[PDB]
Protein chains: 2
Amino acid sequence: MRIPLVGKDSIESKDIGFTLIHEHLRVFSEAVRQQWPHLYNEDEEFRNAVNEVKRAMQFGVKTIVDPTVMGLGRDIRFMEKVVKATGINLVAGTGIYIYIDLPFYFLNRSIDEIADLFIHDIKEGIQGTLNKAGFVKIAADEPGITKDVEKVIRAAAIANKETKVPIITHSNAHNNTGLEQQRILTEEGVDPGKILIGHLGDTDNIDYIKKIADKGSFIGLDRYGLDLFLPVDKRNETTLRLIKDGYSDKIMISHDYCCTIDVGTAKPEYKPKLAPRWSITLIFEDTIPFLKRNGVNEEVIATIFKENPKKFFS
Amino acid sequence: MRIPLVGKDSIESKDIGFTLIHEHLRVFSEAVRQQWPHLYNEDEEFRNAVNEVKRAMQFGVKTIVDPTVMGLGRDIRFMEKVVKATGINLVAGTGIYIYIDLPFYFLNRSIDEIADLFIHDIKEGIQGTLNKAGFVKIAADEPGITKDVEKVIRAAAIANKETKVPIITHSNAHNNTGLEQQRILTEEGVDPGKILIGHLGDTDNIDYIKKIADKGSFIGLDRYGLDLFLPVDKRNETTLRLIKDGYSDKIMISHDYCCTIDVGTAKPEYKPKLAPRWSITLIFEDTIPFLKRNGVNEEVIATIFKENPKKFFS
Ligand SMILES: [Co+2]
Ligand SMILES: [Co+2]
Ligand SMILES: [Fe+2]
Ligand SMILES: [Fe+2]
């Protein structure tokens, strides 16, 4: 009816339920896996993804939004297996994930051409399947808004205006990229309430986070567990403050957890260093209980994990 | 017994025959093709490659060296089908093709880890097959010698010293990257005579070219047909001058032709002006006939397309 699901019939937003807005079933570099497949283990990746999703469902997680796209190794078929194995509601997306330049393929390609790719995934289907994308993902990091990163941003705007699917972003909390993303998108006619500025939970700077929420976009406190960016307790302080300041209407919380990720930084011997208890359920284990014993009632929790996702997708 | 061939028993370097040292059966962005396969057509690509290679064999070509690696869309299985259909001697390689940064996978990974990937393709095989790489390909362009670009160059060095295979590079003829690639490789202990500094035919600055050759490396006048880099006539004038000054034993000539390329710059609309008569048989139609009628004997032609490739793979 509204929100497309992987390996399932579309559902109305009122059916989305308790959602984790930013989680990855699996992440890898398309090029390396294609060129050195001996580096990967399809079987193990599947076990880890199925196990995480099951544990999350045991906590009452009803729907999981996965922002894995070009550049992160999106694969609907793999996502489709995980769905059959768990019965989870999985929202797949489209888009391009880059930090500096686009693949050489886009050399001399218009912004419209890029947009046509997103729209294709949205209206036609993903990677040859009839599984449709329910949102579009774009990114920017340390390098800032480069010429190509902007191409992609604009392309997203075009897709959104044509399909009305929301936009989720990856940004660097310390260099105003998120703010710039929101600025460019809203200028292109994109409803701020259809944007989720991501990874804002990576900083203490409350003024900056409110600045973006005030503009009318959702704020992503979406890396709980990734201590290397910001410890759990400090994220909790921030999240609590935002809540006490009445910003639940714009808050979205998730882990950005990678059930499997090929990045050299995700090596086991580093897990303890700056990502000890990083998982897809840390939120039920630590964050929510912390907020509850700190005044935050159940209705605020529902707003964040149910209402917000619902508005975002309607 | 010396040079590995795709879908064939390795051959002595002495049996290499007339060789095109730099041609591409197919080129594409892994990430793009993987996320939007609807943009590509197997059949077309296969026919184009088969047709080109056949015409090339009708002109006396025995061996084609295809430097399509990671980033360029390497695919030995596609390469095998072509060999089975043409019977051509095809040399596949390993390496990485970047201008700026490495895929995220390499974040926090040593140069040694990268080298192990090349050594894997050379010793073990490519993409789960027993076809082995005969060389390593590296690149550098406008951005110059970035940190990740340099990490690849040093990785290639390690591979060479371990496996003995030669190194083909891609460079920018105007930014000095070619000479940089040479300095680093030699400093790492790589034999200059086992390096091919490519795309030097894009410039008519003979001084810079002679310098690279004086330092013992092969010079690649390998883009005949690509007028957008440098018209055929100016390339021919350079080639001829170099030969007159006695650089035949360092000169290697090719088209760098892509039987099919996904890049928007290679659109059939921009072909009449960026590369009018650009194919894998252009040198037989223009370059070679030009050199001959200009005082270049069969001996020198044989040195460039037969002796130099032989030496390079020894
Ligand atoms: Co992100
Ligand atoms: Co090249
Ligand atoms: Fe993410
Ligand atoms: Fe090339």
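Cβ from N, Cα, C; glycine included.
The Fe cation binding site annotation in Swiss-Prot covers B:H22, B:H24, B:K137, B:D256, and the record cites experimental evidence as its basis. In the three-state DSSP assignment, the secondary structure recorded for B:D256 (Fe cation binding site) is coil.
Counting every protein chain shown, 25 other Cβ atoms lie within 10 Å of the Cβ of B:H199 (Co(2+) binding site). Taken from Swiss-Prot, the feature Co(2+) binding site applies to B:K137, B:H170, B:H199, supported by experimental evidence.
The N6-carboxylysine annotation in Swiss-Prot covers B:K137. Under DSSP, B:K137 (Fe cation binding site) is assigned to a strand (E or B) in the three-state scheme. Over all protein chains present, the Cβ of B:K137 (Fe cation binding site) has 29 other Cβ atoms lying within 10 Å.
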Alpha-carbon spacing, B:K137 (Fe cation binding site) to B:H170 (Co(2+) binding site), which is rounded to whole Å: 8
Cβ-centroid neighbourhood (8 Å) of the Co(2+) site, B:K137, B:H170, B:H199 excluded: B:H22, B:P67, B:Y97, B:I138, B:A139, B:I168, B:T169, B:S171, B:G198, B:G220
Cβ within 8 Å of the mean position of the Cβ atoms of B:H22, B:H24, B:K137, B:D256: remaining residues of the chain near Fe cation: B:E23, B:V65, B:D66, B:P67, B:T68, B:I168, B:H170, B:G198, B:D222, B:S254
Binding-site residues, contacting chain A; criterion Cβ under 8 Å; candidates B:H24, B:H199, B:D256: none
B:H199 (Co(2+) binding site) in three-state DSSP notation: coil
Neighbourhood of ligand 2 - binding-site residues from B:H22, B:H24, B:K137, B:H170 with Cβ under 6 Å: B:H170
